[PDB]
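Quick notes on the structure that follows.
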Amino acid sequence: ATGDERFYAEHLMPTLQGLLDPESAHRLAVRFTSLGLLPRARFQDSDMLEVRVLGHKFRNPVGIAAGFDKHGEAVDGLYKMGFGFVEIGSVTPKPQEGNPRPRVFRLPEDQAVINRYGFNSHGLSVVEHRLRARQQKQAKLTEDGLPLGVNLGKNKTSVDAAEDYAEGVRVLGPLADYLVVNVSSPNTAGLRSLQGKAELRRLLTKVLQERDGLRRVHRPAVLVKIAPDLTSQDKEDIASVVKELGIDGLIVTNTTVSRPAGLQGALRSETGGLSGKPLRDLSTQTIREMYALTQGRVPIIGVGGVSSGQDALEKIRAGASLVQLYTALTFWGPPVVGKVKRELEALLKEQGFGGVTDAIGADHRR
Ligand SMILES: Cc1cc2nc3c(=O)[nH]c(=O)nc-3n(C[C@H](O)[C@H](O)[C@H](O)COP(=O)(O)O)c2cc1C
Ligand SMILES: O=C(O)c1ccccc1N/N=C/c1ccc(-c2ccccc2Cl)o1
Ligand SMILES: CCCCCCCCCCC[N+](C)(C)[O-]
Ligand SMILES: O=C1C[C@@H](C(=O)O)NC(=O)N1
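For what it's worth, PDB author numbering labels the leading residue of the sequence shown as 31, then goes sequentially.
As structure tokens, this is what we get:
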């Protein structure tokens, strides 16, 4: 625990970042993870951390966010890392390369990253076969409280966005415990305007119809993942459509195209989505707002700048049933997962909660 926590944070990771640019480090990390070349994950999840939501049991509330394992190559290594659930993607229907390099940038002074990957993806067919090869193993993992999510994107040249997502539902829906309709990527022109009302209702109506057409045992929950950069009108509209159509949950939030005042990193003006610490409270506030607009009736996965138990608990109290992290992993390495879980459990006891479930939305009941 604390030993290689400090070793990874003070020595290992800083040395990795000195040797490798962000995208190279990302690639290597995916390789190592898929091979199980990880530190020992000694933290044992207590019953306090268990959550039941989205039609599943989650043995702990800390997931790996979409974008790390884009093509489904490292899923088992990620469970080994200690994540209570794993989300792969975004996956696009056809293979595509994404934007030209460089397309990932570190802001060390801000504990932040900026990326404009642009949905680089092996495509549905490759990922489908990848997941099929471990399908029964995943079934046991899920039954064991370790669910799998799949994040669906759309091709850059795609003429019909709803049809791209419908394809993803048909191909990967049968292999996922939940699907994410990602209408919040900063890095595909036009995508985020799928977040407007009548266009979103049409989009999500088609997604849900395709989902309902799958056989029962293979029918995933469907979640919508939104940006932190929405107007009050956007959020209000999304909340309304989500409740009207019976969307199963929200993921809040993606990266931000904003650049908060105070960023110090030399690369702060690179185009792309900003993640990590500068995003943290913007994300938490968006969770707070969406939870209230949905009357606490729509499950929320909270994401954005989580690197400690306090960060996680603040999102849970704000209305998140589950949280994810990504950027924190790039700075502190695999030990950050056990760290977050251990601190979350301590804070829960400290504040008088019997478990995570009791803390969900607790700020709204004060
Ligand atoms: C390098 C990188 C790539 C990402 N790729 C995706 C993606 O493909 N699909 C998606 O829905 N979110 C993607 N994200 C967003 C993350 O899932 C997450 O919402 C965001 O980074 C905020 O969490 P964080 O501060 O813990 O990193 C990406 C983020 C980063 C840093
Ligand atoms: O480095 C970036 O700026 C970066 C940018 C974008 C995405 C990921 C990024 N780095 N990720 C590093 C990482 C992940 C996992 C491990 C790791 C470390 C040590 C042992 C085992 C493992 Cl799996 O290192
Ligand atoms: C199959 C068409 C080409 C898709 C390549 C997508 C990237 C695969 C490797 C992921 C890690 N990365 C390249 C982002 O550093
Ligand atoms: O959803 C996404 C897509 C990703 C990319 O550019 O591939 N970049 C992000 O920050 N969020």
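We treat Cβ as the ideally placed atom computed from N, Cα and C, and that holds for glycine.
Output needed for residue i: all residues of its chain with C-beta closer than 8 Å, excluding positions within five of it in sequence on either side, in chain order.
i	result
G66	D106, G107, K110
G303	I144, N145, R146, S215, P216, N217, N284, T285, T286, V287
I277	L234, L238, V252, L253, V254, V271, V328
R372	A31, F73, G339
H101	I118, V121, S151, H152, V156, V157, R160
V83	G279, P329, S351, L352
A95	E117, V333, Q354, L355, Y356
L297	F135, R136, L137, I144
Look at the alpha carbon of residue i and the alpha carbon of residue j, and state the distance between them as a whole number of angstroms.
i	j	result
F62	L68	7 Å
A376	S76	11 Å
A389	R72	25 Å
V353	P130	31 Å
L182	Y208	11 Å
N150	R347	34 Å
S338	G368	10 Å
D267	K227	6 Å
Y356	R396	30 Å
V81	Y38	29 Å
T387	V333	17 Å
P138	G243	46 Å
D259	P44	31 Å
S262	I256	13 Å
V199	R245	12 Å
residue 10	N185	Here the chain has residues from 31 to 396 only, and residue 10 is not among them.
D34	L42	9 Å
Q168	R89	14 Å
With DSSP run on the structure shown, which of helix, strand or coil describes residue i?
i	result
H86	strand
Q74	coil
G119	strand
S214	coil
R131	coil
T32	helix
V199	helix
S151	strand
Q126	strand
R160	helix
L343	helix
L137	strand
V336	coil
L293	coil
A392	helix
What are the boundary residues of the alpha helix (DSSP H) that residue i is part of?
i	result
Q166	165-173
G48	43-49
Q354	Taken as a continuous stretch (DSSP letters only), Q354 belongs to no alpha helix (DSSP H), being part of the beta strand (DSSP E) at 352-355.
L312	310-323
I330	Run containing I330: none in the alpha helix (DSSP H); it sits in the beta strand (DSSP E), 330-333.
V237	227-242
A389	386-389
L275	262-275
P364	Neither: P364 is in no alpha helix (DSSP H) and is coded neither H nor E.
Between which residues of its own chain and residue i is the CB-CB distance below 7 Å, once the five residues before and five after are set aside?
i	result
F383	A389
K265	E319, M320, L323
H86	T172, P177, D207
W362	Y38, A39, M43, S337
For residue i, list the residues DSSP reports as bridge partners.
i	result
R146	Paired residues: none, contrary to the question.
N181	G119, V210
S305	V143
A251	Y208
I94	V116, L355
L280	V254, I330
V81	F88
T286	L304
What residue range does the beta strand (DSSP E) around residue i cover?
i	result
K110	Here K110 belongs to no beta strand (DSSP E); instead the alpha helix (DSSP H) covers 105-110.
Please return the same chain residues whose Cβ sits closer than 6 Å to the Cβ of residue i, not counting the five positions on each side in sequence.
i	result
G148	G128, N129, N217
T314	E344, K345, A348
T301	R146
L309	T286, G334, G335
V201	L154, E158
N212	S120, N181, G183, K255
Mind checking whether the beta-carbon of residue i lies closer than 7 Å to any heavy atom of ligand 5?
i	result
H41	For ligand 5, the structure offers nothing, since it holds only ligand 1, ligand 2, ligand 3 and ligand 4.
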